[PDB]
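K.L.:
Following this line is model-v2.pdb, made up of PDB, C-alpha atoms (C1' of nucleotides):
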```pdb
ATOM      1  CA  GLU W 210     -12.094  27.115 -69.164
ATOM      2  CA  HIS W 211     -11.648  23.294 -68.965
ATOM      3  CA  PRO W 212      -9.566  23.691 -65.807
ATOM      4  CA  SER W 213     -11.085  26.705 -64.001
ATOM      5  CA  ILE W 214      -8.691  29.421 -62.762
ATOM      6  CA  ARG W 215     -11.391  30.924 -60.503
ATOM      7  CA  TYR W 216     -12.027  28.227 -57.868
ATOM      8  CA  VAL W 217      -9.801  27.085 -54.942
ATOM      9  CA  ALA W 218     -10.253  23.426 -53.946
ATOM     10  CA  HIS W 219     -10.605  22.147 -50.373
ATOM     11  CA  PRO W 220     -10.525  18.367 -50.998
ATOM     12  CA  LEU W 221     -11.404  15.735 -48.410
ATOM     13  CA  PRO W 222      -8.428  15.055 -46.087
ATOM     14  CA  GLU W 223      -8.163  11.256 -45.873
ATOM     15  CA  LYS W 224      -8.168  10.281 -42.178
ATOM     16  CA  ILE W 225      -5.898   7.272 -41.566
ATOM     17  CA  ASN W 226      -7.493   4.481 -39.503
ATOM     18  CA  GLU W 227      -5.481   4.751 -36.271
ATOM     19  CA  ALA W 228      -5.502   1.440 -34.368
ATOM     20  CA  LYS W 229      -6.942   2.043 -30.879
ATOM     21  CA  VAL W 230      -4.225   0.492 -28.720
ATOM     22  CA  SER W 231      -5.991   0.563 -25.334
ATOM     23  CA  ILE W 232      -3.489   2.204 -22.996
ATOM     24  CA  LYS W 233      -1.780   0.132 -20.298
ATOM     25  CA  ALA W 234      -3.135   1.987 -17.287
ATOM     26  CA  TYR W 235      -0.553   1.432 -14.564
ATOM     27  CA  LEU W 236      -0.999   1.510 -10.810
ATOM     28  CA  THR W 237       0.887   3.343  -8.079
ATOM     29  CA  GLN W 238       2.605   0.997  -5.680
ATOM     30  CA  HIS W 239       0.179   2.176  -3.001
ATOM     31  CA  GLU W 240      -2.831   1.454  -5.202
ATOM     32  CA  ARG W 241      -1.516  -2.037  -5.921
ATOM     33  CA  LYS W 242      -1.004  -2.654  -2.210
ATOM     34  CA  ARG W 243      -4.544  -1.494  -1.474
ATOM     35  CA  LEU W 244      -5.908  -3.825  -4.142
ATOM     36  CA  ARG W 245      -3.950  -6.728  -2.676
ATOM     37  CA  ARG W 246      -5.166  -5.858   0.816
ATOM     38  CA  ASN W 247      -8.796  -5.627  -0.238
ATOM     39  CA  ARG W 248      -9.148  -8.699  -2.446
ATOM     40  CA  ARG W 249      -7.237 -10.827   0.049
ATOM     41  CA  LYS W 250      -9.328  -9.425   2.900
ATOM     42  CA  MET W 251     -12.511 -10.275   1.016
ATOM     43  CA  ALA W 252     -11.251 -13.807   0.407
ATOM     44  CA  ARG W 253     -10.439 -14.195   4.096
ATOM     45  CA  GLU W 254     -13.914 -12.980   5.037
ATOM     46  CA  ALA W 255     -15.476 -15.468   2.629
ATOM     47  CA  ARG W 256     -13.408 -18.276   4.131
ATOM     48  CA  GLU W 257     -14.484 -17.260   7.633
ATOM     49  CA  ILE W 258     -18.136 -17.219   6.623
ATOM     50  CA  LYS W 259     -17.750 -20.450   4.649
ATOM     51  CA  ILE W 260     -15.899 -21.961   7.663
ATOM     52  CA  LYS W 261     -18.201 -20.556  10.414
TER      53      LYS W 261
ATOM     54  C1'   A Y   1      14.316 -23.917 -26.936
ATOM     55  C1'   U Y   2      18.006 -22.615 -22.403
ATOM     56  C1'   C Y   3      19.862 -18.457 -18.914
ATOM     57  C1'   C Y   4      19.198 -14.027 -16.578
ATOM     58  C1'   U Y   5      16.948  -8.432 -14.905
ATOM     59  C1'   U Y   6      12.635  -5.830 -13.461
ATOM     60  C1'   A Y   7       7.925  -5.371 -11.412
ATOM     61  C1'   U Y   8       3.809  -7.431  -9.844
ATOM     62  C1'   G Y   9       0.064 -11.872  -8.664
ATOM     63  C1'   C Y  10       0.003 -16.851  -6.110
ATOM     64  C1'   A Y  11       2.150 -19.826  -3.085
ATOM     65  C1'   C Y  12       6.483 -23.638  -0.043
ATOM     66  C1'   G Y  13       9.836 -22.117   3.570
ATOM     67  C1'   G Y  14      12.397 -18.789   7.073
ATOM     68  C1'   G Y  15      12.524 -14.262   9.867
ATOM     69  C1'   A Y  16      10.943  -9.538  12.424
ATOM     70  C1'   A Y  17       6.797  -6.262  14.200
ATOM     71  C1'   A Y  18       2.064  -5.409  15.821
ATOM     72  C1'   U Y  19       3.631   1.810  19.787
ATOM     73  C1'   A Y  20       1.555  -0.984  14.731
ATOM     74  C1'   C Y  21      -2.084  -1.262  10.828
ATOM     75  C1'   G Y  22      -5.915   0.828   8.637
ATOM     76  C1'   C Y  23     -10.256   3.662   7.271
ATOM     77  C1'   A Y  24     -12.162   8.748   5.362
ATOM     78  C1'   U Y  25     -18.271  11.957   0.202
ATOM     79  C1'   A Y  26     -12.316  15.344   4.547
ATOM     80  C1'   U Y  27      -8.068  19.666   3.588
ATOM     81  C1'   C Y  28      -3.427  19.965   0.478
ATOM     82  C1'   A Y  29      -0.001  17.607  -2.385
ATOM     83  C1'   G Y  30       6.090  15.854  -8.415
ATOM     84  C1'   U Y  31       1.975  22.801 -11.460
ATOM     85  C1'   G Y  32       6.415  20.223  -5.224
ATOM     86  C1'   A Y  33       4.561  16.988   0.219
ATOM     87  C1'   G Y  34       8.178  16.594   3.457
ATOM     88  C1'   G Y  35      12.919  16.830   4.280
ATOM     89  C1'   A Y  36      18.464  17.416   4.098
ATOM     90  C1'   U Y  37      23.240  21.644   3.504
ATOM     91  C1'   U Y  38      29.856  21.643   3.788
ATOM     92  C1'   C Y  39      25.271  27.304   2.173
ATOM     93  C1'   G Y  40      27.516  26.329  -3.231
ATOM     94  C1'   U Y  41      23.424  23.191  -3.107
ATOM     95  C1'   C Y  42      21.101  18.246  -2.420
ATOM     96  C1'   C Y  43      17.348  14.479  -1.699
ATOM     97  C1'   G Y  44      12.503  14.086  -3.615
ATOM     98  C1'   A Y  45       6.834  11.688  -1.648
ATOM     99  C1'   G Y  46       3.693  12.124   1.386
ATOM    100  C1'   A Y  47       1.730  15.819   4.747
ATOM    101  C1'   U Y  48      -2.411  17.834   7.434
ATOM    102  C1'   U Y  49      -7.113  16.825   9.942
ATOM    103  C1'   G Y  50     -10.663  13.505  11.508
ATOM    104  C1'   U Y  51     -11.184   8.615  13.360
ATOM    105  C1'   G Y  52     -11.229   2.998  14.265
ATOM    106  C1'   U Y  53      -9.004  -0.680  16.656
ATOM    107  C1'   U Y  54      -4.054  -1.193  18.883
ATOM    108  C1'   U Y  55      -0.977  -5.116  26.847
ATOM    109  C1'   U Y  56      -4.328  -7.348  20.455
ATOM    110  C1'   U Y  57      -8.750 -10.081  15.481
ATOM    111  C1'   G Y  58     -10.467 -15.309  14.175
ATOM    112  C1'   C Y  59     -10.383 -20.045  15.211
ATOM    113  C1'   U Y  60      -8.819 -24.723  18.114
ATOM    114  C1'   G Y  61      -6.803 -28.122  22.391
ATOM    115  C1'   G Y  62      -5.889 -29.466  27.307
ATOM    116  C1'   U Y  63      -6.348 -29.704  32.293
ATOM    117  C1'   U Y  64      -9.363 -28.577  35.365
ATOM    118  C1'   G Y  65     -12.833 -26.934  38.364
ATOM    119  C1'   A Y  66     -18.310 -26.163  38.331
ATOM    120  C1'   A Y  67     -19.953 -30.121  41.748
TER     121        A Y  67
END
```
Kindly transcribe the structure held in the file into structure tokens.

P.N.:
Amino acid sequence: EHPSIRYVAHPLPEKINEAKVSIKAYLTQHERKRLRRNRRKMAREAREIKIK
RNA sequence: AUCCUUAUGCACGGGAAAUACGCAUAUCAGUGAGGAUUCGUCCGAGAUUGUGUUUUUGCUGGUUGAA
């Protein structure tokens, strides 16, 4: 009686606090190139405007 | 702390080319694009279509003429 034979326990499964390591999203070479092209282009444009 | 590898970002410098370099509310693409081959197999990343410039873009200097 003091420990019941009848019941089956389903105790709370303790979830471990997994540290969210934000994933290093990489770039394709092409993507990188595009980025380089665009930022640089923008800079150039700015220079032109700020020199014209 | 010193030395080195990789990638990238910024730049000195040097070189080549622009028939080249993009762009896309496109279509498809390592769940295979496109290729090789001694035929056993092998390489493996763009291809298609559309389109913008492309004997050139942006800026300077000179002589000159113009008169």

K.L.:
Under the PyMOL selection byres ((chain Y) within 10 of (chain W)), which residues of this model are included? Write them out as a PyMOL selection string.

P.N.:
chain Y and resi 8-9+58-59

K.L.:
Just say which residues the PyMOL selection byres ((chain Y and resi 30) around 10) picks in this file, as a PyMOL selection string.

P.N.:
chain Y and resi 29+31-33+44-45

K.L.:
To one decimal place, how far is atom CA of residue W:246 from atom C1' of residue Y:21 in Å?

P.N.:
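Distance reported for this atom pair: 11.4 Å.
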
K.L.:
State, in Å with one decimal place, the distance from atom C1' of residue Y:52 to atom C1' of residue Y:16.

P.N.:
25.5 Å

K.L.:
Expressed in Å to a single decimal, how great is the separation between atom CA of residue W:236 and atom CA of residue W:250?

P.N.:
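Computing the Euclidean distance for atom CA of residue W:236 and atom CA of residue W:250 yields 19.4 Å.
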
K.L.:
Return the single residue from W:253, W:234, W:219, W:243 that is closest to residue Y:23, with distances computed using only C-alpha atoms (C1' of nucleotides).

P.N.:
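Looking at the shortest contact to residue Y:23, the residue is W:243.
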